[PDB]
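Peer 1: To start, I am sharing the structure in question, which I have written as structure tokens.
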Protein chains: 2
Amino acid sequence: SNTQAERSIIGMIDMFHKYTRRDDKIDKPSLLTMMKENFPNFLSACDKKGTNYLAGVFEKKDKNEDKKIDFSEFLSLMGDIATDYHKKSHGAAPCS
Amino acid sequence: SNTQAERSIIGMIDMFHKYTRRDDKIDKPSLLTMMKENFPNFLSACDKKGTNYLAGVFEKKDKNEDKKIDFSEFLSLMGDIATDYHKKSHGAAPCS
Ligand SMILES: [Ca+2]
Ligand SMILES: [Ca+2]
Ligand SMILES: [Zn+2]
Ligand SMILES: [Zn+2]
């Protein structure tokens, strides 16, 4: 009944919720688990370059330094992953 | 081979490309077409409230006023749609 795009948005919201605690925010070890298990091919391309995408990702996205990733900060991170895929669809190197 | 999350990101990039011209950016009539055909249930919830989500959406997202939506601005808009779905998963009204 929803379109593919609406379904995609809904699946992203479900993935966020999967990694939250009671406060509806993602802590650091859960963000790193989420990234390793849901973005392994993205990360694999970084590792080959010698980029550890992960060290510091949580701190770069936790703009307000509350030690949690809330939904607004999660969307920023999803945007950064999407930007790397957009750049490579235009022949940039993986993990730029 | 890619995970569901990676597939989702890839489908979003494909949807962006579907509405671009030669310059890899989306013009105004194509953004409005993209929204009406890919987010109809989202928009239907706005129309019932008496919100015309669409008037002014292009101008709100075209931060640099070049009369095109580039990928960074498209991600902002996808974030705004996702934020409304996150808010309603927490019992906010549709189109808040
Ligand atoms: Ca935070
Ligand atoms: Ca623009
Ligand atoms: Zn939530
Ligand atoms: Zn493109």
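Counting starts with 1 at the first residue shown.
Here the Cβ of each residue, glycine as well, is placed from N, Cα and C on the backbone.
Feature list, courtesy of Swiss-Prot:
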{"type": "MOD_RES", "residues": "B:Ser1", "note": "N-acetylserine"}
{"type": "BINDING", "residues": "B:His17, B:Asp24, B:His86, B:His90", "note": "Zn(2+) binding site"}
{"type": "DISULFID", "residues": "B:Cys46-B:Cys95", "note": "disulfide bond"}
{"type": "BINDING", "residues": "B:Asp62, B:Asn64, B:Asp66, B:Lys68, B:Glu73", "note": "Ca(2+) binding site"}
Peer 1: Which of the recorded positions B:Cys46, B:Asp62, B:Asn64, B:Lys68, B:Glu73, B:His86 have a Cβ less than 8 Å from any Cβ in chain A?
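Peer 2: From B:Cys46, B:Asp62, B:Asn64, B:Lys68, B:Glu73, B:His86, flagged as close to A: B:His86.
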Peer 1: Out of B:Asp24, B:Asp62, B:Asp66, B:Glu73, which of the binding-site residues has the smallest number of neighbouring Cβ atoms within 10 Å?
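Peer 2: Ranked by other Cβ atoms within 10 Å, the binding-site residues B:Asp24, B:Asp62, B:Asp66, B:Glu73 bottom out at B:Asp66.
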Peer 1: Fill in the CA-CA distance, B:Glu73 (Ca(2+) binding site) to B:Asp24 (Zn(2+) binding site), as an integer in Å.
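Peer 2: Rounded to a whole number, the Cα-Cα distance is 12 Å.
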Peer 1: Sorry to bug you, but what's the C-alpha spacing from B:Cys95 (disulfide bond) to B:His86 (Zn(2+) binding site), rounded to the closest Å?
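Peer 2: Computed Cα spacing between B:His86 (Zn(2+) binding site) and B:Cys95 (disulfide bond) is 11 Å.
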Peer 1: If you count other Cβ atoms within 10 Å of each one's Cβ, which of the binding-site residues B:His17, B:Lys68, B:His86, B:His90 has the most?
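Peer 2: Highest number of other Cβ atoms within 10 Å: B:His86.
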Peer 1: What is the Cβ neighbour count of B:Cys46 (disulfide bond) at a 10 Å cut-off, with all protein chains included?
Peer 2: 17
Peer 1: Taking Cα atoms as reference points, rank the recorded positions B:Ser1, B:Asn64, B:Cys95 by distance from B:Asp24 (Zn(2+) binding site) and give the first.
Peer 2: B:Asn64
Peer 1: Sequence order is fine: just name those recorded positions in B:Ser1, B:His17, B:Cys46, B:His90, B:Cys95 with a Cα within 10 angstroms of B:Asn64 (Ca(2+) binding site).
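Peer 2: Taking B:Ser1, B:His17, B:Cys46, B:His90, B:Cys95 one by one, none has a Cα falling within 10 Å of B:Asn64 (Ca(2+) binding site).
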Peer 1: Quick one, of the recorded positions B:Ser1, B:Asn64, which Cβ has the fewest other Cβ within 10 Å?
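Peer 2: It is B:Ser1 that, of the recorded positions B:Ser1, B:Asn64, has the fewest other Cβ atoms within 10 Å.
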Peer 1: Mind giving me a neighbour count for B:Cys95 (disulfide bond)? Other Cβ atoms within 10 Å of its Cβ, every protein chain shown.
Peer 2: 18
Peer 1: Out of B:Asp24, B:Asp62, B:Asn64, which binding-site residues lie by ligand 4, with a C-beta less than 6 Å from some atom of it?
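Peer 2: B:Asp24, in sequence order.
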Peer 1: Name the one residue among B:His17, B:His90, B:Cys95 whose Cα is closest in three-dimensional space to that of B:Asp66 (Ca(2+) binding site); these are the recorded positions.
Peer 2: B:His17
Peer 1: Apart from B:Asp62, B:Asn64, B:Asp66, B:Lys68, B:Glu73, which residues in this chain have a Cβ no more than 8 Å from the mean position of the Cβ atoms of those residues at the Ca(2+) site?
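Peer 2: Checked against the 8 Å cutoff, the neighbours are B:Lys25, B:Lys61, B:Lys63, B:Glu65, B:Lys67, B:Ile69, B:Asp70.
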Peer 1: Any of the recorded positions B:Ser1, B:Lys68, B:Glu73 with a C-beta atom under 6 A from ligand 2? Give them in order, or none.
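Peer 2: List returned for ligand 2: B:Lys68, B:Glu73.
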